[PDB]
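Nothing in this text is a laboratory measurement; each read-out follows from the coordinates by a stated rule. Cβ sites come from the backbone with ideal geometry, for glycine too, and all protein chains shown count toward neighbours.
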Amino acid sequence: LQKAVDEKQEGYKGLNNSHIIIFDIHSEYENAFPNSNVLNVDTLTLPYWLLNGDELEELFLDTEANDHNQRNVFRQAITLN
Amino acid sequence: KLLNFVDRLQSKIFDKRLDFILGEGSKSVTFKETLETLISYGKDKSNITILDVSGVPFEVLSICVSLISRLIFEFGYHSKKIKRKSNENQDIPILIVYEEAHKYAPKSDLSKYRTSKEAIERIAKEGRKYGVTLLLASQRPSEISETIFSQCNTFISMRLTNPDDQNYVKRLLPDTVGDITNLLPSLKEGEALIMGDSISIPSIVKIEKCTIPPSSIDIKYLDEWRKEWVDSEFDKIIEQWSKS
Amino acid sequence: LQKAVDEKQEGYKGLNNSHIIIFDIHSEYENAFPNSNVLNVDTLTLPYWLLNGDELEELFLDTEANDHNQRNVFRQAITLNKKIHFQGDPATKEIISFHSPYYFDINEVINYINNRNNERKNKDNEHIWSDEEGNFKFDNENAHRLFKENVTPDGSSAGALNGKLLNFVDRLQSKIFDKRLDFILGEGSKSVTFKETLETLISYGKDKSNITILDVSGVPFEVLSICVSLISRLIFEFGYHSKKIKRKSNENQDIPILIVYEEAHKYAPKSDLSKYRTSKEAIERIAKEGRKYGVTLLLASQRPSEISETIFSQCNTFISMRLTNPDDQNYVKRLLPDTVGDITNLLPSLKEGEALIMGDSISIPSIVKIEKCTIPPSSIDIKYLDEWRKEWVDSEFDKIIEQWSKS
Amino acid sequence: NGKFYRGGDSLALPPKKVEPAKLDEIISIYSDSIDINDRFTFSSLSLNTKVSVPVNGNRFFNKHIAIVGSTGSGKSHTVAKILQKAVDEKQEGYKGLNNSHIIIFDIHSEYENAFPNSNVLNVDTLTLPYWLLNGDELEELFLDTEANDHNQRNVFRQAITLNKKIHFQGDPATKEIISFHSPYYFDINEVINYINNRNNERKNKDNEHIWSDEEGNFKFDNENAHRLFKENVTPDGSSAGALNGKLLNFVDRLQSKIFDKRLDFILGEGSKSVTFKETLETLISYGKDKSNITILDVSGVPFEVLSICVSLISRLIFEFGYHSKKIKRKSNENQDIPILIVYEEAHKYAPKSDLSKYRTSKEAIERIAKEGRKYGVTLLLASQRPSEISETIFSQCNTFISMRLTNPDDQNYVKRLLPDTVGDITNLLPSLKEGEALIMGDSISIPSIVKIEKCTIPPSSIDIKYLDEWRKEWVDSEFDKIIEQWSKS
Amino acid sequence: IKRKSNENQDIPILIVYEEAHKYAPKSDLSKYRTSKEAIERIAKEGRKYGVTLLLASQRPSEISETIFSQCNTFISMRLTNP
DNA sequence: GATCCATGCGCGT
DNA sequence: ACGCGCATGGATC
Ligand SMILES: Nc1ncnc2c1ncn2[C@@H]1O[C@H](COP(=O)(O)OP(=O)(O)NP(=O)(O)O)[C@@H](O)[C@H]1O
Ligand SMILES: [Mg+2]
């Protein structure tokens, strides 16, 4: 990823067109790329409403109980909203 | 009939761990500003966007990986809609790096990891033509599913020591090297093996040393265990826990 | 753990900064570490109000029998009693929920259900009550006055929940009044401070020790999953809130904690049964995220087959002794990060005290002999033939039975 | 210098002259690995008769013993021969029986002949009180409903815990700590009387149940709940109680099992007059007739009564030792007693199958398999197939006496437990005739095929001469004697 | 009955099970269970009670191994399957 | 297929 | 009108 960034088309000066997303758990790629953008839990703002039906179910509902009555009002509340 | 459900949700909305997904800032944020944040197109442009998911709880870790992977993919899916209409030469290609890809994409059709399974597998199957490609970096290849691992064509096989890991890799490798069974666990530091369309033949390579290396802030357990029994530190922990 | 607490730098004498908490169920490490805080059933005073809503429905409640009316009055009593006893800002007061871990009086919760067991309403069908201050509507503003026992209902006709909680109350009086749950429901558990609970677990109280044995041998089985999960959550959020002040303080002052789970397959089984789901989730929480926050597992289990695949995979150093069960060997060899020559028959043939260590903390996977423990966990192996060889001794059955009687 | 040290790692530089080993050297192989006072010899080598093979008798018994082999191979004679040498294993200085304590679960009436001076306890004379149960088996016995019985479950423990407090005749300090699992005497007929009373509850407007007995009306609370144990009470209330008409089927299932005379040994009238002290003197033989050998006849009883009989005794002998350690742990003396439990044909109650009818007997022998080494309660597993016993119990035995095995899976089960250095001794397993066996484990120096010593006093398990009994007359079997004992059984 | 008279078992009974795969097979379904354990009890503990079995079957690999292990006497006709 | 619980309807004190 | 007792029925195991 460092090599894929520092190569340019030599006709300019500045950032190139590379676009990289890293899902690091060990919190280690800040020291690799100091001039990058880091999105930890404090600064990242992911919208809950951009989740689909399956991601909204896992975020809120429980699979172990699996009670049919809990799920139905959640669809009626969210789809109407 | 809905008090535990109303109680279960309220515990998630006011959870300080889920502030990044259920806080008041998530309500006021816009759909456009999220995508500037995800590929660094906001006030500060950057080629690398690091998603530090260390603080993300593991129950919602598969949810947020799936949400971001879906948002990047249909960013590239609708990118082609302009290119067939305006016929412009420019393009926005995106590469996603999934460190520890075995947990995001396991070999299980379980509910708890299904959401992050299909988001990665959609990118691995359709994202070639939309400019959304993935890089898989896992220490355990044998838990990555075959229907996503085989969609990769370039394979950088480093030193692999678990015999269950060697047999999974050797089956899905596009080409073979002489005595690959002994070569893989005997690779030194930085020694790799690359095959696929990008390379000509499978060659044992030596990756260049990182001048600015990726280092993690790991708690040196033995180093702090040599020190004095800390006394003032304990009273600072509880009072912030009490206040937050 | 003996060489962890004896490993010091050349600047002092006494105790170092090692913090080890052992979940001992077979009662083995009291003699192993004689300079430690062994916490028994009677010694432990674990507060019931630090549980979330999942453990509260596993400590007092049971399986559902279309008893949502009885379940709702239980949750609405606790989630209201948590608000009244809260002495903070009103902004935090509204976010208080059933799963939120603040103090509530369990005896006042009984009195709320006891009053709701006999409620009377007027024609307007409003639950009207009588107290020493005056007659008051039953509503969310005045429902906190039902926690007192000396309240008399006043109404023309019987209320909605009148006589519908009689079988709810006596089950609860079988719990706080049960003497096998004294640690998690006793009067000391009411008056224990949240700070006092954490300094007991990590041994930060008056008697400070590097190693804390959590003797859970006498803890009952149906409650053991609640207490393992509660302590594991409390230790993890201690380490979680360690790092939240570490960013602000920006100083090298850390409290690293290592948790030893013996018979770790019991609290973390691979089966999806609802009995051990609380303790599995707390151990998995530290297995996945505890590396960042300074809380580290030590999974020790004599039968590693039922340890869950996700939790056991987070381990990076493996100390494999002799394993006779083939199901254990196929489990171990598959998730073992490295391998050695002729390892299939090596696992049964490992000697007494001989270990195979591999990981990323040791470069060469080596077969080692663990240095003999000079302060042992006492060898519990009764010499048998020579003790049979002697005379027929008169076993004192009276004191054996009377200790059996009190259990 | 006549002392044998194990280990093949010693290198002999060639050439070294070779002689056949002398007699005393052949003794030295199987003897010097054990100290002089820990030798427990009960067998000889098959290749050489004049050598004896002693095992580490201290290590032979504390680590569990598993004896397996095909039918008729000689397991029962070898099990008996181990115990006869264990009883005779006395120290010098005294005449009388020694401190051996062996309990045999005998299911074919064999060990009566092998041990004549022994105590034999069949079901009809064995009295195992129902109040000795620790709540876990108090639930599985009486309750036939498993899932949604929370009110029926609650009234069951509340009656028993309150009735255990009543029959307490001592100081009130240990009256309080009586619980549902605490082993105190309670009367089962009063417990039914309480539950049948609670099925006839009546309450007033205040929702508090009021009763009426021969002394007067009383409120039902904690102190006056003891007065529902008598039948001669009448309810005085305007409305039906909280449990009115909900315990009718509960009493029916509870009564039908007390009067079930398969469970007459546990739920009979003899459990009233038999105390905690007399039961432990019965199962261990510390009573008037003190014996090293205890035999229980569960031969032709049905499975369910056999399953409770195995599960009760195995835990109650363990929980004897589970509470025999903490008295020694708090006093620090050496006067313990070691107990060995012989499980003949453990497939009948501790198999590899995961059925729920095999559940409560597996854990009782599981708990002796791992934690029983800590409290002096050891187990001796006899079975026909090694692969039919559960691996949680059967792999915990560190001493193996294997007879003839012809099954490939049974041969494979011995094979992978053993290493490959001495794994070639398994190939002589199906060629083993009556008598000889292989002893392996930590109690012996080398695994070897050995010839078990013949029982001079054998168990009553003589092989039937099938052909010699067929050459005779058509004998007239007295069918009335067999049938009228079949019907009584 | 004879043990009370201190005698051995008088009459011996042999039960011939022709084509035991129909009722005591290798398979572990519930419909074969109650006929399986009926012949297990003769194979396991029937030696000392005078009740022995004769197992006639078309293949050694379809009969349950637990009955088949206790059969010490083995007769084998032509067997084409390896 | 129990248990446990809610809700409705008709009736006497 | 409030109450108690009898139903029919629902959910969950
Ligand atoms: N050491 C021995 N020497 C000679 N014969 C022996 C010896 N041990 C056993 N036998 C013979 O074995 C037969 C009885 O076998 P037994 O001791 O009942 O083995 P078993 O495996 O327990 N039978 P089973 O219960 O069906 O498995 C008799 O014919 C004995 O003579
Ligand atoms: Mg036998």
Original post:
Any idea which of B:70, B:122, B:114 is within 9 Å of chain A (Cβ to nearest Cβ) and surrounded by 18 or more Cβ atoms within 10 Å (Cβ to Cβ)?
Top reply: B:70
Original post:
Which one is farthest from residue D:203 (Cα to Cα) among residues in region D:236-252 that are within 11 Å of DNA strand G (Cβ to nearest atom) and away from chain C (no Cβ under 11 Å)?
Top reply: D:245
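On the given criteria, is residue D:197 over 30 Å from residue D:358 (Cβ atoms) and more than 16 Å from ligand 2 (Cβ to nearest atom)?
On the way: over 30 Å from residue D:358 (Cβ atoms): yes; more than 16 Å from ligand 2 (Cβ to nearest atom): yes.
Spelling it out, residue D:197 is indeed over 30 Å from residue D:358 (Cβ atoms) and more than 16 Å from ligand 2 (Cβ to nearest atom).
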Subject >> Unmet requirement for residue B:55, which otherwise passes all of (1) within 7 Å of chain A (Cβ to nearest Cβ); (2) more than 13 Å from the chain's Cα centre (by Cα); (3) at positive phi >> reply: (3)
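Is one or more of the residues making up region C:215-233 more than 16 Å from ligand 1 (Cβ to nearest atom), of a type in the set (S, T, N, Q) and over 30 Å from residue A:63 (Cβ atoms)? Give the derivation first.
Start the filter on region C:215-233 by keeping residues that are more than 16 Å from ligand 1 (Cβ to nearest atom), which leaves C:215-233.
Okay, now just the ones that are also of a type in the set (S, T, N, Q), so C:217, C:225, C:229, C:232.
Those left that are additionally over 30 Å from residue A:63 (Cβ atoms): C:217.
Within region C:215-233, one or more residues are more than 16 Å from ligand 1 (Cβ to nearest atom), of a type in the set (S, T, N, Q) and over 30 Å from residue A:63 (Cβ atoms).
When region D:393-421 is examined, which residues are found to be among the aliphatic types (A, V, I, L, M) and either within 14 Å of chain E (Cβ to nearest Cβ) or exposed (fewer than 14 other Cβ atoms within 10 Å of the Cβ) (or both)? Don't jump to the end; show me each part of the working.
Step one: of region D:393-421, the residues among the aliphatic types (A, V, I, L, M) are D:393, D:401, D:403, D:405, D:414, D:417-418.
Matches in region D:393-421: D:403, D:405, D:414.
Can we say residue B:135 is among the aliphatic types (A, V, I, L, M), in contact (Cβ under 8 Å) with a residue 12 or more places away in the chain and at the interface with chain A (Cβ under 7 Å from one of its Cβ atoms)?
Details: among the aliphatic types (A, V, I, L, M): yes; in contact (Cβ under 8 Å) with a residue 12 or more places away in the chain: yes; at the interface with chain A (Cβ under 7 Å from one of its Cβ atoms): no.
The answer is no for residue B:135.
Tell me which residues, restricted to region D:181-204, are facing chain C (nearest Cβ under 8 Å) and in a loop (DSSP other than H, G, I, E, B). Quick ask: steps written out before the conclusion?
Initial filter on region D:181-204 (facing chain C (nearest Cβ under 8 Å)): D:181-184, D:203.
D:181, D:182, D:183, D:184 - these are the residues of region D:181-204 that are facing chain C (nearest Cβ under 8 Å) and in a loop (DSSP other than H, G, I, E, B).
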**OP:** Could you identify the single residue in C:57, C:30, C:64 that is surrounded by fewer than 21 Cβ atoms within 10 Å (Cβ to Cβ) and touching a strand residue (DSSP E or B) at 6+ places or on another chain (Cβ under 9 Å)?
**Re:** C:30
Subject >> Residue among C:249, C:232, C:217 that alone is crowded, with 21+ Cβ neighbours inside 10 Å and among the small types (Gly, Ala, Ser) >> reply: C:232
Original post:
Condition test on residue D:232, is it out of contact with any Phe, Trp or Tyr (no Cβ under 9 Å at 6 or more places or on another chain), away from ligand 2 (no atom under 16 Å from the Cβ) and more than 10 Å from chain C (Cβ to nearest Cβ)?
Top reply: yes
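Only one of these is of a type outside the set (D, E, K, R) and more than 25 Å from residue D:314 (Cβ to Cβ): D:378, D:421, D:392, D:399. Name it.
Numbers: D:378 fails: more than 25 Å from residue D:314 (Cβ to Cβ); D:392 fails: more than 25 Å from residue D:314 (Cβ to Cβ); D:399 fails: more than 25 Å from residue D:314 (Cβ to Cβ).
Step by step, each of D:378, D:421, D:392, D:399 is checked, and only D:421 is of a type outside the set (D, E, K, R) and more than 25 Å from residue D:314 (Cβ to Cβ).
Taking residue D:429 as the residue in question, decide whether it is free of Cβ contacts under 8 Å to residues at least 40 places away in the same chain, under 20 Å from residue D:33 (Cβ atoms) and surrounded by 15 or more Cβ atoms within 10 Å (Cβ to Cβ). Outline the logic, then answer.
Working: free of Cβ contacts under 8 Å to residues at least 40 places away in the same chain: yes; under 20 Å from residue D:33 (Cβ atoms): no; surrounded by 15 or more Cβ atoms within 10 Å (Cβ to Cβ): yes.
Considered against the rule, which asks whether it is free of Cβ contacts under 8 Å to residues at least 40 places away in the same chain, under 20 Å from residue D:33 (Cβ atoms) and surrounded by 15 or more Cβ atoms within 10 Å (Cβ to Cβ), residue D:429 comes out as no.
For (1) within 16 Å of ligand 2 (Cβ to nearest atom); (2) closer than 28 Å to residue D:295 by Cα, each residue gets a yes or a no:
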{"position": "D:387", "(1), (2)": "no, yes"}
{"position": "D:394", "(1), (2)": "no, yes"}
{"position": "D:406", "(1), (2)": "no, no"}
{"position": "D:418", "(1), (2)": "no, no"}
{"position": "D:424", "(1), (2)": "no, no"}
{"position": "D:429", "(1), (2)": "no, no"}
{"position": "D:435", "(1), (2)": "yes, yes"}
{"position": "D:443", "(1), (2)": "no, yes"}
{"position": "D:468", "(1), (2)": "no, no"}
**OP:** Say whether the condition of being in a loop (DSSP other than H, G, I, E, B), more than 16 Å from ligand 1 (Cβ to nearest atom) and either within 27 Å of the chain's Cα centre (by Cα) or within 14 Å of chain B (Cβ to nearest Cβ) (or both) is met by at least one residue in region C:152-159.
**Re:** no
Original post:
Going by the conditions given, is residue B:108 more than 17 Å from residue B:196 (Cα to Cα), hydroxyl-bearing (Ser, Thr, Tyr) and in contact with an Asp or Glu (Cβ under 8 Å, 6 or more places away or on another chain)?
Top reply: no
Original post:
If you take the residues in region D:79-111 that are among the small types (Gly, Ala, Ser) and within 20 Å of residue D:298 (Cα to Cα), which one is nearest to the other protein chains (Cβ to nearest Cβ)?
Top reply: D:109
**OP:** Give the number of residues within region C:255-281 that are of a type outside the set (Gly, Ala, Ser), part of a loop (DSSP other than H, G, I, E, B) and free of Cβ contacts under 8 Å to residues at least 60 places away in the same chain.
**Re:** 3
**OP:** Kindly check whether there is at least one residue in region D:435-447 that is surrounded by 12 or more Cβ atoms within 10 Å (Cβ to Cβ), among the polar types (S, T, N, Q), more than 14 Å from chain E (Cβ to nearest Cβ) and assigned to a loop (DSSP other than H, G, I, E, B).
**Re:** yes
Original post:
In region D:392-439, which residues are in contact with a helix residue (DSSP H, G or I) (Cβ under 7 Å, 6 or more places away or on another chain) and among the acidic types (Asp, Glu)?
Top reply: D:409, D:410
Original post:
Which of (1) more than 10 Å from ligand 1 (Cβ to nearest atom); (2) free of Cβ contacts under 8 Å to residues at least 24 places away in the same chain; (3) assigned to a loop (DSSP other than H, G, I, E, B) does residue D:464 not meet, given it meets every other one?
Top reply: (1)
Original post:
In this structure, is residue D:151 within 16 Å of DNA strand G (Cβ to nearest atom) and surrounded by 17 or more Cβ atoms within 10 Å (Cβ to Cβ)?
Top reply: yes
**OP:** Quick one: which residue in C:288, C:244 is free of Cβ contacts under 8 Å to residues at least 12 places away in the same chain, of a type outside the set (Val, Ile, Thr) and over 19 Å from residue C:24 (Cα atoms)?
**Re:** C:244
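Just the residues that are within 30 Å of residue D:88 (Cα to Cα) and in contact with a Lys or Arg (Cβ under 9 Å, 6 or more places away or on another chain), please, taken from region D:239-285.
Narrowing region D:239-285 to residues within 30 Å of residue D:88 (Cα to Cα): D:277-285.
D:281, the sole residue that qualifies.
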**OP:** Could you check how many residues of region D:370-382 are over 14 Å from the mean Cα position of the chain (by Cα) and crowded, with 24+ Cβ neighbours inside 10 Å?
**Re:** 1
